[PDB]
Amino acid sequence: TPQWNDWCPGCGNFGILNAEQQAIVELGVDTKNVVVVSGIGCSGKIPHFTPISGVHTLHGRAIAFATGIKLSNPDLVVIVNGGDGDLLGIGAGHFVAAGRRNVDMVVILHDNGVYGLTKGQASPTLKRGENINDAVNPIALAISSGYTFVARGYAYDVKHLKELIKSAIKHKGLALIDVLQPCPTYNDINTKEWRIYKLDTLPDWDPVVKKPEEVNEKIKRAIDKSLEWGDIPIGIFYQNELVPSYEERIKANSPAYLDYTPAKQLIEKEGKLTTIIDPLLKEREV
């Protein structure tokens, strides 16, 4: 069990870590099947955990690693943690491509404003003027990419974060939770201190698609809400379970897929290859 946590005193990650552990306990998932896949950075050092498996990746590549794990063994429950530099700079391509695919997994973004572990350079979420580059809009990009469950949360409201994380896992398809995490060591602005309100408050807020005719209308409401910043919403901006996951699209093609997954197939018995090649070779006889 021993492994020491070297986050700075005060770091939004302590919160993400806590919400995520709690998310899994409460959800009654077999921890034997949980795998947390993380990119590079401060955020990448989770775990740090409870006996969960952890795959610490390459910078920007978590989503590609996570997709291979998931399609080989769809029983697993794959969570991805990455930094802002990670998922939206160097890994932005993997980020957009993943929404085309709709794999059942959770992507959790550590919205830091900075390259923390590399000594504080502006991340792709830092606004110009804080810095010569604009910030991207994570939630809007996810919706465009896109991306069948989307949400924002705050690392200093573990309660709310834990419930986002839970419904993201329950969600069948690719979820994104964008988490605002302060960095007392390198983000002088966006302290905490630094405003937040919850969408779930608003009188008639309904982010779930019930029928496919209300797709565009739910998108448009999610984009409007993604534009507020300065004096900041939080919660589930959009959700749509009518879109089939990638694993459902493999079945509509390969019925035996979900019954006999790649991770369970026995290619060998006592070092003897079990796969039948004979029609492949027969179709090529002279």
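From 1 onward, residues are counted along the sequence shown.
The modelled chain breaks between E130 and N131, where 4 to 9 residues of the deposited sequence lack coordinates. Unmodelled deposited residues between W205 and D206: none, per the record. Higher average CA B factor: 117-125, of the stretches 117-125 and 88-96. Higher mean CA B-factor, judged across 105-113 and 195-203 from the recorded values: 195-203. Taking only the listed residues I52, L242, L58, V37, the entry reports the highest CA temperature factor at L242. Across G230, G235, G44, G68, the entry's maximum B-factor at the CA atom is seen for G230. Ranked against the other modelled residues of its chain, the C-alpha B-factor of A263 as given in the entry falls in the lowest third.
In the deposited entry, the Cα temperature factor of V29 places it in the highest third of its chain's modelled residues. In the PDB entry, a CA B factor belonging to the lowest third of its chain's modelled residues is recorded for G15. Among all modelled residues in its chain, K210 ranks in the highest third by Cα B-factor. Compared with the other modelled residues of the chain, the Cα B-factor recorded for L273 ranks in the lowest third.
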